[PDB]
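What follows is one chain in structure tokens, specifically the form deposited in one PDB entry.
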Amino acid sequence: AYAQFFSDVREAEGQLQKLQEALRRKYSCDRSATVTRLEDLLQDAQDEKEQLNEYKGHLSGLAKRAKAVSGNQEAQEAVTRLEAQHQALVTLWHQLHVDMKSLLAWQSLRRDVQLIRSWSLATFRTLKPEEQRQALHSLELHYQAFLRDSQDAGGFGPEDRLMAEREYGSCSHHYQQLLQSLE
């Protein structure tokens, strides 16, 4: 009778391990990942996220069966060992998730900073005010997102927020300088 149970335990033990390797393989991104790809992977991650939630009822089901089995302590110590293993995945999923968001914000903020800093007075004049203001809308959107999502991100730190502010203000300054020439 313990066989049918411990077989299910070993089966459940394998799926979580398989799920761990799936997370690492799919969502370990670096600073060479494009914006479009990061966005795609971020919504893909939700599918893995939903499996983890549905696995709670699977673990609880084994927790019950574990109780209704001498060496019952071992049967319960095994399920407990799985719940610890499962929480690690949720913790891992969130870490990978918040890492991808930080990269996404960062990659976007780079596109904006480059764009705005590429402006010269001759290029600026050919632009409509709606187009000028738009580039600064996109700048603050991705700047403020970066300060927010880089916090729990392991790939970025306070020095990267320090620089971001500098790169951001850099463009605000350039913008303010370009406007002061047209008036």
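In this text, rigid core is short for the largest set of C-alphas that superpose within 1.5 Å between two forms. From 1 onward, residues are counted along the sequence shown.
FYI, the form deposited in another entry isn't displayed, but the following is about it.
Rigid-core fit between this form and the one not shown: of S28, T34, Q114, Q51, the one residue whose Cα shifts 2 angstroms or more is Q114. A movement of the C-alpha atom of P129 reaching 2 angstroms or beyond is seen between this form and the one not shown when the two forms are aligned on their rigid core. Annotation for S172: C-alpha shift of 2 angstroms or more between this form and the one not shown, rigid core superposed. Once you line up the core between this form and the one not shown, the Cα of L141 ends up 2 Å or more from where it was.
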